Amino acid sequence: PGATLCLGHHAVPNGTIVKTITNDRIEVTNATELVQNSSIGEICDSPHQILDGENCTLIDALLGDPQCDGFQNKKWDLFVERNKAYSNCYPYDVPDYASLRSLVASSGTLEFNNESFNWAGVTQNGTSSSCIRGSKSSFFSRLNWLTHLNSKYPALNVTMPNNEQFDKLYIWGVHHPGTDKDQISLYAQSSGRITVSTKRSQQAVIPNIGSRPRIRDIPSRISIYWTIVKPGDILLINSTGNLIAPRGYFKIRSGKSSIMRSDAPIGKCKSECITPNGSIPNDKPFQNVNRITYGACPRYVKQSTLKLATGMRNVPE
């Protein structure tokens, strides 16, 4: 009679369809998904140091908007900027706003060191009802609104050497009065000049008088500028009016810090990869959750699914 010996392979009743070079639909015994398509809906607060901006943009926390006083000297790996954030101080703009926001976010710190400038002959600490702090008229905490003293605005010519081992980031501004009346009222002369320079750079701004649409009843505007002072260099401020002076310098660092716009809540969990939708696991090599990522993240792809075969072709019955 003899015997029969048959060679064979297994099969499963629940196969999975995958793509190959020659076939768009072929069934294998098992597969694994290579595209992460879901987030847990919250930004895990570990292992990256998260700073929830709440109602404050990073720039408003930088300048010292009254609702942002709790952010003074804070540090972050990722600053989370909420879409509900709004300004509530003196109306301002930043020429190249995106670059200042980028360099501060990349620096990862709002450490601020006060410095004593010699503002001889002028009135300091100007305030406005558009910037209320503690039920009183106030101003940006890191900026010093200088105005006339005894109807005189003597020319300012102040130096501040950088004798540290690190770079200083100075934030200053120029006030654009709404009318020529306001220009006289504040600075006691018809036109101001502002020259901020170091041994490596020079910045000169002329105020532009004119009516802007009122924000919190203010038709004037401030324009924000910044200057970086290297060690061994000196900051020189030379102005005859309209100067919004700095109160000191910010430390500017290099590292892995950044900023992200998101409305997702912060959760007490651990996840290496952060997206605006929330944290996502990073076991898979690709993801289609969001092109904006921070941390050890899968690469964004357009596909919603990519099945990697992990078994042989399924040939049932």
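Start at 1 and count along the sequence shown; that's the residue number.
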Averaging C-alpha B-factors over each stretch, which comes out higher, 123-131 or 89-97? 123-131
For the C-alpha atoms alone, is the average B factor greater in 262-270 or in 284-292, going by the entry? 262-270
Out of 254, 36, 57, 30, which one has a C-alpha B factor higher than all the others in the entry? 254
Pick out which of 106, 163, 73, 227 has the highest C-alpha B-factor in the PDB entry. 163
What third of its chain's C-alpha B-factors does residue 217 belong to: lowest, middle or highest? highest
Relative to the other modelled residues of the same chain, rank the CA B-factor of residue 170 and answer lowest, middle or highest third. lowest
Comparing residue 298 with the other modelled residues of its chain, is its CA B-factor in the lowest, middle or highest third? lowest
Among the modelled residues of its chain, does the C-alpha B-factor of residue 102 lie in the lowest, middle or highest third? lowest
For residue 46, does the deposited CA B-factor place it in the lowest, middle or highest third of the chain? middle
